[PDB]
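K.L.:
Here it is, the structure, as structure tokens.
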Amino acid sequence: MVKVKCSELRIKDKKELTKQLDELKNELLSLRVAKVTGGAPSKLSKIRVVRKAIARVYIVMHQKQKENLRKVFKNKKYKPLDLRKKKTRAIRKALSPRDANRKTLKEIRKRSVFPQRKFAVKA
Amino acid sequence: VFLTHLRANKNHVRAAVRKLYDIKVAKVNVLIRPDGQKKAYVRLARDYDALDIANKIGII
Amino acid sequence: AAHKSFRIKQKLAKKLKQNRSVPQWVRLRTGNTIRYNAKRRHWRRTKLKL
RNA sequence: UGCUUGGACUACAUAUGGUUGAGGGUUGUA
RNA sequence: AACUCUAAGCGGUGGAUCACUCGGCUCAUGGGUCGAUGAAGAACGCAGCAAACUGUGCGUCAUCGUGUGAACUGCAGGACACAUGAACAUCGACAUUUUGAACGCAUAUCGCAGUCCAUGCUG
RNA sequence: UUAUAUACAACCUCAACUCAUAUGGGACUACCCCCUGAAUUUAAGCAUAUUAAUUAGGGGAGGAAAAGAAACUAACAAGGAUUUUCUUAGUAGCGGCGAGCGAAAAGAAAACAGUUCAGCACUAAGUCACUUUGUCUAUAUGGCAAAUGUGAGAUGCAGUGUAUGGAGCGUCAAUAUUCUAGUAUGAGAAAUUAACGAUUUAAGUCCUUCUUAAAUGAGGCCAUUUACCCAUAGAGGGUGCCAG
RNA sequence: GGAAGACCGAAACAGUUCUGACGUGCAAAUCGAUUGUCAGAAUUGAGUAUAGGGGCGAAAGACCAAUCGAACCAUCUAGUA
RNA sequence: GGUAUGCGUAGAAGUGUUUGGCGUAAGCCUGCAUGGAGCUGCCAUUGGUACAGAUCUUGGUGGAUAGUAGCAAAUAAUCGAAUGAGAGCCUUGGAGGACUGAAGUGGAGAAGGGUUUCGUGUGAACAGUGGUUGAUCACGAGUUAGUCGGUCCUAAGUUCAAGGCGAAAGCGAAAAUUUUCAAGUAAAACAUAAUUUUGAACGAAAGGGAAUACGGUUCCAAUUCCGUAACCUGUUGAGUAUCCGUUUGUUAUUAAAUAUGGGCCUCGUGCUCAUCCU
RNA sequence: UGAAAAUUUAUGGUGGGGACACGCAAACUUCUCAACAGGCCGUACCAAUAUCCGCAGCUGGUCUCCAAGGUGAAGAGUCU
RNA sequence: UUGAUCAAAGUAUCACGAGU
């Protein structure tokens, strides 16, 4: 009733959250019937409110699931696909920025011999 | 007579009525409206009473 | 009919709810020049085919 | 095992590797 | 007086004219942005009152964060919990149904499975 | 060990796997790369020609692509990758020599950048990929090691080197606590520069007239050689009519 | 006894004559009487198959969606005159 | 582009007009009327720069005829009542005379349609007359399956592992070759064994195919709901040829026992022999 | 000279199992009885002189099923 | 002569034994 905020919900546990969630879907079923029955209060207009109220419970309950899956997948090669940095397809296939800059021993020997000097050919 | 989800099973509406109303059910007759809304006739057991639950939910 | 697909009753479901008058209130919105429903089909006058 | 409801998987082509293999192919030791 | 012809007045039909214009046409400039991690496209659903358009995916006219700092508005209701935030922008968190790029096999079949785990009744 | 009488170990060739990890198939369309390829037309007919080495094309990419570092030009007192523009030039040439087509070198400018292989000699595989164990931090298709754990690899991987060539020696000269490249780096008591949202509205709603529906109009505002104020702000838009 | 691409004829399928109706129709081919066949080279549905210088044709250059001595569609194309 | 220290809500453009003139003309000025926000003269330079025509384009309108051709097939209605502002309709109900005439103008399904279905209302529009009615309009409703169908099978055919071919896209493919190109089996060793050539899938609400019928019920659904009596498919459970000669019951005859016999032996108690029904 | 496959059933076969008689029994038992379950999708209505196609409430077209009495050879033609 | 056949019988040598 007093608006349930994700700023508040993030401290609550996944045990409380679904218990907090269940009293909103169970509240929402009592309002669907309250719509078709001719809700005699002008509107119990919770079905705008209590519908989006659930949507901010499912988001926090999924963020806590998704951040918790990332630290169990740190220092493991083969993260799952949906933890693998989407950027595009085009930059995903192309030569990781270390690997573009690999230098053949001809290239890192002709670099270090002759530095490009800083002159001024001026009369 | 429940308007249900369109992808509901007739084995869902058995277990989605018990879970919501503590009811044993007998036989479910499901049709899709020409609005494309699935409508389900749930006939209860004998020892329950349909009018008893109808006030309990709010179908007055 | 009487023997239709699932896909054809689902599309004929949708074309039964798009067949509506304009709500009586949206004639009154500020800058709402919706006169009538414009794309109201009619069973013997326009068929569907589509 | 009998059913229900949920999930996860099972396409082809290919590269390297792994694993089991095939051959009056080619040799070798018994 | 009928009726006809001629003119102006008045009334109708009709939408020219002129005057406008969140649209176009052209030219120029800064950019590089891309799908099997499922694209483009398609279908169908979604609002208290909605047909379309727009928006969107069971979390469904939204959306975490963040900015901004009192609205939305056709009515109704709520909100006003602005000090711990309305509505809008923004968007990096989550999410994204049936499809098409079904990735099991397939059709004007919402058809039919194989293996695996779990829940329930078997028991 | 091979009368097709069994087994072993290799290798080659080749299978299968719901094996572990990976790529592949977009769709857009203006530009770009490769193909494939007409006829309308024009010739005052028409058949080569012309359209046009083009519509339709139609496979493949990028932010550009393709090109590109001479098996080039030229004949000079010589030039020097490619691409693009100007000129050569509607020229040499091609052409039922008809209709018609049609370039380049040189010059001028834009921009300029060079290079890598294979292969004798280079005379201890000096080599890569994962694999697990640490370590290094990060969403590293990583680094440092390790077992030298498989495997690749002499049917050759690496270093050196490249047509306009070299490699070693003598050798001369200079010279060598050294610099270059790179990641961390706080550079600068935030320092500059750039982007972006900004952020300030500077200054009259000051007086009368018409609208009497509305001033944004019209008349007025000491002097400062006469102008109410600001102006690095008289761009534009909103505001009941033309608003610094 | 009950054969036959035998007979008269209903349903159907066809379309002979009236050169009847009609001919800004009821109809972009129909209405009416009169006729032709009727157990078969029969009439029909549904699924299929054949695609445009191609198909199909018991053949009329017939038919291939009111389109056929070459379908229809978009483009070349604002063809040329 | 310059200029007129131009004009303008104290009324711009436009439009009308028996306002008044100017020009030889194209044209132009001006009053009034309406109108309600922009506009002009001059000097340059320009253009998507002047309409009566094009069976011109696009919109509007006339005569005809504003009410003329016409609303004539399918035999036919008439009374009185109720409605209602209004009734030849279909509006209804009662009489009613007729038609279709079982190869119907009847009752149901296929394809097609897509809510037309059915109640409550109802103004315009539409219903080539009307309209109180309506396949219209407005708003509420409505389609219930283990047995009816699909789904399952294969037909003609789509032809579909690339062995192949083609620059590709792709292919008038009863392939005819593609290692196992197999569909496979509780099958032993030292690639489960004689084996199968085609893979793979679609393709029929008329062919093939598991099974349900009756009495009732709604404003609208019925082999689908309710009533009552059945069935098929699947899994599971419990009874069911099934205890012998003899002798436990029973002195034996018999009896449980779906049947016994057999030698031996002291009879046999001992031995031995046997049930995949008759 | 007049469909194919799914599905079904029988019988034949070698090997293997069932198989004691003082019984205890058994019986994917191809007998009888009992429990439990059966998902998805279609289902209204018109089927045409007014719901379909022919631009339309168009005399055209569009596949089937049921079928009364009379007279008569007759699902004819007239009447019901 | 409009039957029937699949899946080793025999054989030898070894396993030549295991349980016992």
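If you're wondering about the labels, chains in the structure tokens are A, B, ... by order shown, residues count from 1 in each chain, ligands from 1 in order shown.
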Select from chain B everything DSSP, run on the backbone, classes as helix (DSSP H, G or I), then give the selection as a PyMOL selection string.
P.N.:
chain B and resi 12-21+50-57
K.L.:
If we count only C-alpha atoms (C1' of nucleotides), what is near residue H:243 at a cut-off of 10 Å, once residues fewer than 4 positions away on the same chain are taken out, given as a PyMOL selection string?
P.N.:
(chain H and resi 256-257) or (chain I and resi 21-25)
K.L.:
Can you list, as a PyMOL selection string, every protein, DNA or RNA residue that comes within 12 Å of stretch 47-51 of chain B when you count only C-alpha atoms (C1' of nucleotides), leaving out same-chain residues fewer than 5 positions away?
P.N.:
chain B and resi 1+21-26+41-42+56-60
K.L.:
Write out as a ChimeraX atom specification each polymer residue whose atoms come within 7 Å of residue B:34, counting only C-alpha atoms (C1' of nucleotides); drop sequence neighbours fewer than 2 positions from it.
P.N.:
/B:32,36 /C:13
K.L.:
Quick check: residues of chain F within 12 Å of chain A, only C-alpha atoms (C1' of nucleotides), returned as a PyMOL selection string.
P.N.:
chain F and resi 20-23+26+62+115-116+137-143+158-161+179-183
K.L.:
Residues within 8 Å of stretch 90-99 of chain E, please, as a PyMOL selection string. Count only C-alpha atoms (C1' of nucleotides); anything in the same chain fewer than 2 positions from it doesn't count.
P.N.:
(chain A and resi 59-60+62-63) or (chain E and resi 42-44+57-59+64-67)
K.L.:
Selected residues, C-alpha atoms (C1' of nucleotides), written as a PDB file, in the first residue's frame, please.
P.N.:
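The resulting file, part06.pdb, is reproduced below:
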ATOM      1  CA  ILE A  59      13.490  -7.877 -11.143  1.00  0.00           C
ATOM      2  CA  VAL A  60      15.244  -7.762  -7.801  1.00  0.00           C
ATOM      3  CA  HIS A  62      16.390 -12.009 -10.709  1.00  0.00           C
ATOM      4  CA  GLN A  63      19.204  -9.530 -10.222  1.00  0.00           C
TER       5      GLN A  63
ATOM      6  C1'   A E  42       6.007 -12.396 -39.329  1.00  0.00           C
ATOM      7  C1'   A E  43       1.903 -14.049 -35.827  1.00  0.00           C
ATOM      8  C1'   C E  44      -0.637 -13.441 -31.503  1.00  0.00           C
ATOM      9  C1'   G E  57       6.320  -9.650 -23.987  1.00  0.00           C
ATOM     10  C1'   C E  58       3.073 -13.489 -19.105  1.00  0.00           C
ATOM     11  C1'   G E  59       7.710  -8.579 -15.417  1.00  0.00           C
ATOM     12  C1'   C E  64      16.499  -1.580 -12.658  1.00  0.00           C
ATOM     13  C1'   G E  65      19.799   2.246 -12.633  1.00  0.00           C
ATOM     14  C1'   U E  66      20.339   7.474 -13.338  1.00  0.00           C
ATOM     15  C1'   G E  67      19.068  12.606 -14.389  1.00  0.00           C
TER      16        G E  67
END
K.L.:
Tell me, in Å to one decimal, how far atom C1' of residue G:71 is from atom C1' of residue G:52.
P.N.:
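Spanning atom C1' of residue G:71 to atom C1' of residue G:52 is a straight-line distance of 6.5 Å.
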K.L.:
Residues of chain C near chain I: apply a cut-off of 9 Å, count only C-alpha atoms (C1' of nucleotides), and supply the list as an NGL selection string.
P.N.:
:C and (2-6 or 43-44)
K.L.:
I'd like the neighbourhood of stretch 53-55 of chain A as JSON, numbers by chain, where a residue qualifies if any of its atoms comes within 12 Å (using only C-alpha atoms (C1' of nucleotides)), though same-chain residues fewer than 2 positions away should be ignored.
P.N.:
{"A": [1, 2, 3, 4, 5, 6, 9, 17, 18, 19, 20, 21, 22, 23, 24, 25, 26, 27, 28, 46, 47, 48, 49, 50, 51, 57, 58, 59, 60, 61, 62], "E": [58, 59, 60, 62, 63, 64, 94, 95]}
